[PDB]
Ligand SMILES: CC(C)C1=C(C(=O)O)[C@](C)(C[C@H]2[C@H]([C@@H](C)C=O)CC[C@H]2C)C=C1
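Take a look at this single chain, the form deposited without the ligand, given in structure tokens.
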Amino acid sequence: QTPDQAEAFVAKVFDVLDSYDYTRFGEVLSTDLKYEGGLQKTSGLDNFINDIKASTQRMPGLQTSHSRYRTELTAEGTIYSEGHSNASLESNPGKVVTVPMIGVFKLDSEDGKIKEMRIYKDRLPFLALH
């Protein structure tokens, strides 16, 4: 239950997400994950997984990375991790779109996985890839 422990966890979480190893999502994400990314909402890990699978077809050769810069853990056990979201196409690497982003995470009592994940970034700039 420390702010540095939280950032460390967030890093690992994005490492699995950015790797697109869909089988390892269950590891760090709850089965009933309430995800919210702008006007995208998903209940359950299964629907979340299919929504990212959808995104890999929409932009094939999509490469994404996240970098933390400021994390904070609250009394309620809510992680607020400000960072940066990066995206690029295998076709044209070294054209990278980068936007500030914040993750709001709430953990599950028993397993220590993420039951609530809300990601706020401006998605407009990533249009330079489509």
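Just count from 1 along the sequence shown to find any residue number.
Just so it is clear, the following notes concern the form deposited with the ligand bound, a form of the same protein that is not shown.
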Selected contact from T74, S55, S67, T31, since only one has a non-hydrogen atom within 4.5 angstroms of the ligand in the deposited bound form: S55
Proximity of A11 to the ligand in the deposited bound form, heavy atoms at 4.5 Å: no
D18: touches the ligand in the deposited bound form, heavy atom cutoff 4.5 angstroms: yes
Partner contact for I119 in the deposited bound form: the ligand, 4.5 angstroms, heavy atom: yes
The ligand contact at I49 in the deposited bound form, heavy atom, 4.5 Å: no
Full three-residue contact with the ligand in the deposited bound form, heavy atom 4.5 Å, for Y80, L107 and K115: no
